[PDB]
């Protein structure tokens, strides 16, 4: 059962959100390893892999390149350090784009089934978004039923994954003509998403593409296939199926788990499952079932991006971010955690085996040995959701109440700020915020996104960067676990305006919004690309000229690499708070942080310090203001 913890985690400085330390210590006293303990067990981590100068692409390896110059400078094949670093980064981009593309593909399948009248458990709820998106891609809407429009749109979207021509992706019709011309001159226009992923897997194959420039340019093309198509399709279809998010209020942090209620966690990414689970479990049938089993009711909380989806659409309380999933089971009050795929730590099974908690996997692509697999499908969605919630409610009597410790800490957060909601907040036009940017009332906008990584202090960089930006009158928007961190800290509560500078304070009180805008999940970074795209278009300007920046302060996933790359390729200066494994090559490092600005108009900037990164981002914003002839 219990395990010997070899190295203990100094808990008082491990995290920036209240409750994480208590639960790490509870795990220690129970002998349960978390991600921090295993990170400590991994150290020292291999320097060659950390710098990206180790390749395992063929059986003649593994090969190490010594950047000291002490030992070997070339692999068995002859690959230098530049080639190996660029290829490994290309495969990271491929994997992130692939994750987002499979997400989009599942939502496309459900949307097409609804267009044909097959999945009657799912609606076309935003017919306006459907018609406008169909018109944007060249589909006439008038004279047609909603479902026929949806059928034609679905046919085009299905084809985004594998169309055979060298014509650009259809969804690129959402990108401004300036970005279009930039990508055309650079030759990075994506053609079909799965083809881009497969071509990266081919280029990195031994003896194919050894040039860092071409490798990274195709990485740019693949990231664009992700952001402006795959993730974009995911967001647009999730809005069409479950509603475009509008501003609402909810609760954040692990204080949302209840003592006298069945606690059901929804963890993962695809809302096709989580929306059904939440609606079924907060239905009154399951409420009285839980009362029959000795509870006051059923409380469903969310974690990570599927939690963000249910938070933005239904107001479901979000319990925590990435590195907190384990900790949620260590509260001792989780009857069941329902997962689909992406960023589901396998360790959550181990942890769950020291309690009563059931780890329910539901998707054929997300298997974890030891879990209980109840496969979800669209046609019998409500029945599977009922069965799952029933299993959780029936496990409720097994909760070891003697080992329950839920941290009190709970925070209010205003979420649901899609681009449509933001434009509605401005009176239906972009003009007031544009005037605020031109005056200097708002210096700029910064999108903060990304994961958690135990190599940096938990959620510290997220919140510190957000604070330092909003205090300098910079409107902060963001997605993902950054948004979970900001919500748990209080940066999205109605009083968060207190920490903003004078101009941001005045405008947030003039529009009744917080100074930090939760724009949704990791695929909802596409929303950011729309927002900037609108701004740049309203000002007769490219995205690269906007006084704006992006940041991933604590990233860890290959999805984050794809997101940062397509931010750069979209022309936004993009900061990384975790050092990508590229420092083993000077050429690749300067391409990433320098040479690529001339090509597409954005670039990377590595800085693990949140305050330093805030100063650099603010200086870049001031530079873009000076280039725009604006006041500073």
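Residue numbers count along the first chain shown, from 1.
Student: Averaging CA B factors per stretch from the PDB record, which one is higher: 504-512 or 547-555?
Tutor: Per the PDB record, 504-512.
Student: Quick one: say whether 65-73 or 569-577 has the higher mean Cα B-factor in the deposited entry.
Tutor: The recorded data point to 65-73.
Student: If you compare 204, 101, 562, 140, which has the highest Cα B-factor in the entry?
Tutor: Reading the PDB entry, the winner on C-alpha B-factor is 140.
Student: Go through 517, 282, 220, 208 one by one and give the residue whose Cα B-factor in the PDB entry is largest.
Tutor: 282 has the highest C-alpha B-factor of those listed.
Student: Going by what the PDB entry lists, where does residue 90 fall on CA B-factor within its chain: lowest, middle or highest third?
Tutor: Ranked within chain, residue 90 CA B lands in the lowest tercile.
Student: Ranked by Cα temperature factor within the chain, is residue 593 in the lowest third, the middle third or the highest third?
Tutor: Lowest third, going by the recorded CA B-factors of the chain.
Student: Within this chain, which third does the Cα B-factor at residue 25 fall in: lowest, middle or highest?
Tutor: Highest third of the chain for residue 25's C-alpha B-factor.
Student: Pull the Cα B-factor of residue 606 out of the PDB entry and bin it into the chain's lowest, middle or highest third.
Tutor: According to the entry, residue 606 has a C-alpha B-factor in the chain's lowest third.
Student: Mind checking which third residue 425 falls in for C-alpha B-factor across the chain?
Tutor: According to the entry, residue 425 has a C-alpha B-factor in the chain's highest third.
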